[PDB]
There are 4 protein chains.
Amino acid sequence: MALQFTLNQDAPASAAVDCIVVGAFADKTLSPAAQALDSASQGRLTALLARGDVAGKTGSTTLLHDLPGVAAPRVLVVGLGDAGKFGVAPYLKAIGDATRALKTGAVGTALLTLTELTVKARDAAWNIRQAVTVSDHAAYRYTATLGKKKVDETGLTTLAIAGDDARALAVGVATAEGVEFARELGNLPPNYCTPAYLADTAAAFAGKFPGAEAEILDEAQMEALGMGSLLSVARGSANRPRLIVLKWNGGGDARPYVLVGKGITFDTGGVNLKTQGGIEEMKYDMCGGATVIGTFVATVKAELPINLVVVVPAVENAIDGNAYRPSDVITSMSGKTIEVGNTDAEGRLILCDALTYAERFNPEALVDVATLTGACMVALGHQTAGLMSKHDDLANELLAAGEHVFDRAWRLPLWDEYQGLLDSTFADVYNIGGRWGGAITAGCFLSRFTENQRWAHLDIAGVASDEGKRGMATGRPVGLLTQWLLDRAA
Amino acid sequence: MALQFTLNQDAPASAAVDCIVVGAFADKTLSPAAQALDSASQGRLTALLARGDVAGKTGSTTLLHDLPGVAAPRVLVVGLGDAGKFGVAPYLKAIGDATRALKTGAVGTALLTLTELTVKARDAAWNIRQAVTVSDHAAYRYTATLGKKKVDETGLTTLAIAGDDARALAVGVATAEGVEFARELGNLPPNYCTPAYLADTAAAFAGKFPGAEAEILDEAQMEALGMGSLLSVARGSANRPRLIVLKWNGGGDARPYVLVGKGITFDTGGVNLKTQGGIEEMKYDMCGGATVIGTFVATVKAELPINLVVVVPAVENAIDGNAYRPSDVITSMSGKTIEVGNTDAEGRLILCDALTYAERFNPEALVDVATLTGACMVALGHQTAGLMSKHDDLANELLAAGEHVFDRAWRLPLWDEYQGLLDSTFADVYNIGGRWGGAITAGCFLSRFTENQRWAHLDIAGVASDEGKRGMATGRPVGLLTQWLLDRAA
Amino acid sequence: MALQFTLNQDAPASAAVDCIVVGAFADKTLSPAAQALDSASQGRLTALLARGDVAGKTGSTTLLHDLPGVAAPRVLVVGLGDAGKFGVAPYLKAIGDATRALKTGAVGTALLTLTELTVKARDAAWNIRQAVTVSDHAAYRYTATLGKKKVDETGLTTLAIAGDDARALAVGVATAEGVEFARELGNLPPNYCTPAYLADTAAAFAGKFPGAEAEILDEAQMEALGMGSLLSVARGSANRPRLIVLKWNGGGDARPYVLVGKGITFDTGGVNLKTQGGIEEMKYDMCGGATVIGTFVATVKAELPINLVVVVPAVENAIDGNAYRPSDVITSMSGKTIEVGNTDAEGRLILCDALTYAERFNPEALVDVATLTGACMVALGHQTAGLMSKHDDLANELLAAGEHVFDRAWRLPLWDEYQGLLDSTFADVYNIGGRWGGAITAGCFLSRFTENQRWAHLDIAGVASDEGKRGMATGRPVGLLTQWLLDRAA
Amino acid sequence: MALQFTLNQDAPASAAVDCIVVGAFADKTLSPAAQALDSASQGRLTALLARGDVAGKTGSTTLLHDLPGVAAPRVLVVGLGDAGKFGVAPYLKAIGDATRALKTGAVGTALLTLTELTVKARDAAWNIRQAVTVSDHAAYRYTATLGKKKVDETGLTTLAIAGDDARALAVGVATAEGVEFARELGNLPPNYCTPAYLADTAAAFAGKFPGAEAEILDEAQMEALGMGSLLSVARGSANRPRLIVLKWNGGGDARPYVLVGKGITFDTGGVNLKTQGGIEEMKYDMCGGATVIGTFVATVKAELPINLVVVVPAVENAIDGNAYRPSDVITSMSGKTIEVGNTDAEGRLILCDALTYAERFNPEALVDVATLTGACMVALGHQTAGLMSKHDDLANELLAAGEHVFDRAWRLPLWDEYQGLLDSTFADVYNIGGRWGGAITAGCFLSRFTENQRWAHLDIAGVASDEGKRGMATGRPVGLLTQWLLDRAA
Ligand SMILES: [Ca+2]
Ligand SMILES: [Zn+2]
Ligand SMILES: [Zn+2]
Ligand SMILES: [Zn+2]
Ligand SMILES: [Zn+2]
Ligand SMILES: [Zn+2]
Ligand SMILES: [Zn+2]
Ligand SMILES: [Zn+2]
Ligand SMILES: [Zn+2]
């Protein structure tokens, strides 16, 4: 992991760490712990606020050396913005600002005092869990496939969190591990993160934890199950597919929560080749997979007293002399025939089969997570995931979770009047809907396969990764899904 | 108006009209009026139902000639689908079917008995209102700019509506007149429907009704008001702009409802010329204007007890040697400067000045209606309007209205984390937000100008007209808007 | 005219000119005049044929200096190909070869003996006519808008044509003057060849010849005639339009032949701007006009005994703040309204009013000539003009003409089952028919306006000019057209 | 100017300013002034260096508060990189870093000691000049067309520069004023920076300085001079063109240096409209003009002993119903006719007339500066200007200048075997050379007009501005140009 975390009950002026992180608002008001430091230093902070050397606005950090009265030789004061605007987002931002300021340089250990602040509509435990997740996220560094490049080794390695809720720290660490796991898999280049590598990785995790389990299916096994839709998409690739099935037995004999994630390890588009631009971003097209796996890792580490099953169709969509074609009609596991209007709308073609397969687990709730559509990105941007369901209660449960940890989704409708967009002359249903309403129509396609299920669909195409060669997997929506499971476990 | 309407309370078998319109369900059960006719004819309908000659599935009709016992020489039986699934949609589809079946041919007068059928969660008044709007909508024929083309003379002219609520009929007739007005304006070629013409049509209507009032501004007048954003869009075109302001004073003393409709009479895209297809559909880019004007017409003819102001900026966005250019920084009426990233995002540039304008009226609710974004089409389809607001109560008022009359909208978020996409180095604000979230950031742009207002935004790009050379303006969202105002008048 | 012509009946060996032009075939056999020269030189040609110095294959020439016995200091021997395969094409290619070989250099005067060669299915008159047109065509040099560029002064100025039909020479010379006129007009940059200039050039020619007459209309005059389709195209451009009407009264009392030529002097595409390449070739979009004017010139100079009217709508199709826009509905002269699906299908919109106009002349045959469609190029290539008509007899008259002079056309059907592609909801007719059949539906469009007429349409888009920055106007189809009129005068 | 400058010779520890700026290297060694401060503070810096709190790697800074012994309450230590690798680039990056670090916040006055550091192959004068230009460059904030947007008030206003060459400071300050002028002009939106405005700004500057002179020509005047190429570009736009001619007579009797800057104030591409992206960056297409004007400002304020003439054709290239069209043949001032292959290759068409114009001044060197070609960007990047000339000595003068001040250029060949690419059938010259060699053939085009001249061409398309909505005009190549003129004044 990027950082290690402890809890800490010291007086801020006595803490034996390389640096104390405190806060100041835009009107120059000091966070409580900042006040303790101001006292110990006999008004040195107030003197610097007065002089305008310590800024309180959003994004400001100021690093001060050897305040008198303070055991730690450093104090970082982070701006918290306008006090009357303080809440969830300023708090998360403030915490990320602190870590980004300490990421490189002389500070190995710091004390995060910001957890003491009231965040409206949130408790002390939440303040701790978010301290861990946000600061761990901000310290992430990818190195798996550097060869000769040396990276910087200095800076923050351990963060002491002001507080004493051990359980909250533990759930925050477990979450951060899930997040990191998902971002590593997302980030790995497609020639390393193949379907085989993803299944092995997930299995080697399962196998270290008493009560976690993995079952990996291969193409022969999937053929025997009738997963013909999934197999059409996979056929072109020299990298052969896997069905990754992960179980956590924390809920005794209760029915399980079932997550189904799209694990297209790379998407060329197939014969409908991606020629418009951004084909390089397509290692992120397994983030639904990475993300439900990350959630499994968090759930298992936090020992959540629930039953969780995670299903990930791990498939590569390659162009090839034996690749499926547009206008092909393929037989899904459910027996429905699908007409492939476009081979690059193949996520839903591996998901439909996994969702059918998941019926065997008798899900309490069934939620698929997928980088499905450019349409959703047009609809909601990188900011927010698309959510679709025919069950209001489930939809609201997932919305509430996203809102709670600020990893937001927004519902889109599955109105009947959208359904005829998927009409076909040659098969039961057409896999695409036309120029308009594509996020919704992909959802409608999925829903053909989930009629007897309490089901929801997260389109995560915008939230899962950033654009450009410097962009990374964000780890979203591991935040939302882990919180959803915490809610189910409470 | 394409049809005449009357209420009619005659017994079905005695009605003296050219055709009686009755219903049958997919399971062979007959509407009450169908029964009366069956019984008057001593089981002829039941006989034709058995043999299979009268279908009751959705979208089917049967024209029967000279049933013994029935004064009307014809009976039209409309299929109602599974009695199980009856409700809003099947009801409306049936009215439309009935009119389509009679539109051309021997029938002039017909009695519509279908209003008798119970629609779950809708009253008798709604059955009547909807019977008039859907019939009239289906009867529409465009003729304004045909020349030598002989058009079809036969068919439905008068529809008697079974029932006995004269206020319901009057309101339906008022709404349908509004819808028709909006559709005629949207349908007219842009060489006829210039900004000047759109201003005259509306003023002329306003001048015929006591309590209604019109004021038309020209460019000198808008110059004097400082509407520099609006005038920048307008500059390149030979068809000079107008500001159309309509007032209805049916609410005495009360703060008014204010509708602001986008009246781009044609959109070349300007210097950012539309080169990628669809340019020929930009005669519908004034449908924002067409439909708030329609709603005005409906409010006036229905004599609703409210104050209603309707502001329509009317501008043609033309490419020319004096066209505003991308990277220009234009001064809006509010004094905010706008960097023009793209001349084709010009709707919002005429609305933002109209919105500032509209503030003079101290509105109870401020609602803009615009064919704003391709993004909203990708998001919501032709099916559903995009709705945006910072006031939940106002948003819910509009959603419930559209939902009542099946002229639907869906909310999209206006969260802060989207605002940054509108940053500018050379002006207060950039007029476009980049590739993703296009409908939202357009909504965000508008919000810069309505911060003090109880305001909502309706992106009507998908909903306002149909694609291709035979698609016409829909009249949407006059239905939503008028039902919204009816709720305020209740 | 680039060359001077005379008939010449001198014996080859005595002709006092700078070069005698003779033929040899691929099998070494000599043209009759070649023989005379061989014999005058006591077997020098035969000696140079044996050694292989005189090739007789297609496209080869040999310049020989000072053959004993021959008054002319030079002999040019042109290759004629296999005597087996001799005919129209090899004959013409040989004349062209001879001129190309002499175009630059020491030769001023030459005797062309090649006219002696028998061309299967062609008379001696055709050999002579063709010797003048092909030579002159090959001699053309464009100079009008060069400035500082020094041009090459040496080379052929005068061609003596072996033979003794003075009417044949006079007709060839007349045709070549017409061809040259058409090529100069087509070649001129569109800033020089505006509609105004094209009108003046033609009027000026008409005014020099008794029995010839010109009338030029301006926009007020066309306004008054109701040519609202034509004027809609014209509106956007600063170079104001003209209607050029030329009359030749060589047929006394008879109904006239009427040619209608498309005179688009430049085509930006208008609001439907040409963005996809080739815009720089739209100076050739008046070649319809150039070539009917050429044919006029030929008819007059040849003094053909027929009445000939030539109508040229002259319009620049410009993009501007007052340009007609797509979806406009414009009123044509015939009273039919036209929906403008695309401003770049504007040729037919100027022709359709010119065609209605032309009805006043009560024509014997009404033929339009236009660079109408890319579709026709895809259909027929640069090689061959598209021909369309509802009158077989007229179609055959034009095919036979083009076939006689190797200026070829090919018929395309105008069947009814194509007419539906031009439907419109907002007007009597839509101006474009969609993706397929583009040349046909353009032909169909025009036919709406010529129903009472013995009419044909010639799409000359491929045939009228050559691609790329050194390709020029061909002069085609002046050859076809003039031969057609010669047949009517016979 | 964004900052005030003074020389300052105070001992570092006694300087009464808000912040002293010192350097440390990646290996922990301290700049001389850093040492003085360390020593005044009895080893505080050395202590903070050991603990790792003061980084010396490239791009790092550290703000230290109230070091005992130092009058200034703050010390900023700037990282200098490996002492091994120190030189031009690390020196400049360090000055920029220092200003960026102080731009916003509590510091108003600071002493820049960094000028003390030896830069291999550069004198003390260059250290000072560069300290002023890089600091001022980094301090720039654009504000001209902000409206309601509140901007950040705190931060650096005055920079004291350690050292004692007042001529060096004065020249730096002069250059920075020129750079700023050029950047303001480039940055201004094209609706403010019209050709008229650009002419007034320059004339107004010229009129404030004795020995400086401005003359502005309008279209009638350019008409009279026969600048028909320039005026063809200009025709379509409502913003009428200007010829700006600035003279500085600091060299008495001598032949002048003449700079010709391309002043396209916006470029739509014209009829060859920019449809393929980037159109919004064409406000930078007058940077050729902006930067020769900047250089003028620098030459005048620095009072260089040379004659300097600066000619700027100022033209907006607009699409309109009177826009020149592709295939037009236009008559240049030199009398050469030009075939317009593409209206978007219009820069060279305004320069070629300005160049002919410029011949009146009998120049010692004639240098054009233009944002000419995308080709040059493909060739050289944003990093480096394309340089072209037929005179090696002049080329070397400019390369050495750019190399001295790190405002770099690179030569591209103007060989004859490239000239043929500009052939034309309809004019003396074609204005574009096809797909390859685009920067070279543009250079070749210009050369047709400067054959009698000691002339060079600088393609500044990559170098003049930064990409995207927050990229600004760089000011480049004012640095190169001014250093070039300094070398001529030496
Ligand atoms: Ca104009
Ligand atoms: Zn795909
Ligand atoms: Zn995919
Ligand atoms: Zn637009
Ligand atoms: Zn618009
Ligand atoms: Zn065209
Ligand atoms: Zn044309
Ligand atoms: Zn250009
Ligand atoms: Zn340019």
Side-chain angles (χ1 to χ4, degrees), chain B residues 140-151 184 186-194 233-240 264-286 316-324 465-466 468-473, chain C residues 226 228-229 231-233 235-238 268-277 279 318-345 352 356 420-435 448-449 451:
Chain B
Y140 182 78
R141 299 160 182 151
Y142 176 83
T143 60
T145 52
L146 305 190
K148 299 320 217 194
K149 211 199 275 181
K150 254 55 264 142
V151 81
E184 278 289 317
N187 284 332
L188 269 166
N191 60 317
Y192 291 78
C193 192
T194 59
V233 177
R235 198 168 62 243
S237 164
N239 290 306
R240 304 310 301 133
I264 293 289
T265 57
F266 192 72
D267 190 15
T268 72
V271 168
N272 284 286
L273 185 72
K274 282 163 195 292
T275 59
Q276 284 151 70
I279 191 154
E280 74 289 350
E281 265 133 19
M282 301 309 290
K283 92 192 169 159
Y284 299 120
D285 224 15
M286 47 60 75
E316 187 194 60
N317 185 27
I319 185 169
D320 181 70
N322 206 190
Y324 78 141
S465 66
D466 288 336
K469 71 167 168 178
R470 60 259 146 291
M472 301 177 285
Chain C
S229 181
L231 288 164
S232 296
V233 177
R235 198 168 62 243
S237 164
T268 72
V271 168
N272 284 286
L273 185 72
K274 282 163 195 292
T275 59
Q276 284 151 70
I279 191 154
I319 185 169
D320 181 70
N322 206 190
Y324 78 141
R325 93 273 296 140
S327 91
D328 275 2
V329 174
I330 60 182
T331 298
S332 72
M333 186 177 186
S334 71
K336 268 182 287 275
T337 65
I338 298 162
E339 191 174 7
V340 177
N342 191 300
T343 64
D344 201 5
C352 66
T356 302
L421 265 17
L422 296 170
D423 296 348
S424 176
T425 303
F426 305 94
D428 305 332
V429 76
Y430 209 83
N431 84 321
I432 53 165
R435 297 221 283 159
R448 303 303 175 84
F449 297 84
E451 253 144 40

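To find a chain, count down the sequence lines: A is the first, B the second, and so on, and within it residues start at 1. Heavy-atom basis, side chains included; hydrogens, waters and symmetry copies ignored.
- At least one side-chain heavy atom of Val233(B) sits under 4.5 Å from a side-chain heavy atom of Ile264(B).
- The part of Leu273(B) that comes within reach of chain C is its side chain, from C-beta onward, which places non-hydrogen atoms under 4.5 angstrom from that chain.
- With rounding to the nearest 0.5 angstrom, the CD atom of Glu339(C) is 6.5 Å from the CZ atom of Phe426(C).
- Between chain C and the options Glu280(B), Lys283(B), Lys469(B), the largest number of non-hydrogen pairs under 4.5 Å is found for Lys469(B).
- With a threshold of 4.5 angstrom between heavy atoms, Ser232(C) does not approach chain B through any atom at all.
- For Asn431(C) (side chain) and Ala345(C) (main-chain N/O), a donor-acceptor pair under 3.5 Å exists by modelled atom type.
- Taken to the nearest 0.5 Å, the OG1 atom of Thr275(B) stands 10.5 Å off from the CG atom of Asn272(C).
- The contact between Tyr430(C) and chain B is made entirely by side chain atoms (from C-beta outward), counting heavy-atom distances below 4.5 Å.
- For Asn187(B), the parts sitting under 4.5 Å from any heavy atom of chain C are the backbone and the side chain alike.
- Put simply, the side chain of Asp344(C) reaches to within 4.5 Å of the side chain of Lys274(C), judged on heavy atoms.
- Proximity of a side-chain donor or acceptor of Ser327(C) to a complementary backbone N or O of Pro189(B) within less than 3.5 Å is not detected.
- For chain C, the nearby part of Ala318(B) is the side chain; its heavy atoms alone come within less than 4.5 Å.
- In this structure, chain C has a heavy atom under 4.5 Å from the side chain of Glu316(B), while its backbone stays farther away.
- In this structure, no portion of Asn342(C) lies under 4.5 Å from any heavy atom of chain B.
- Per-residue heavy-atom pair counts under 4.5 Å with chain C were compared for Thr268(B), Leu188(B), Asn322(B), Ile279(B), and the maximum is reached by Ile279(B).
- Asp328(C) contributes no side-chain N or O that, together with a main-chain N or O of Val340(C), makes up a donor-acceptor pair within less than 3.5 Å.
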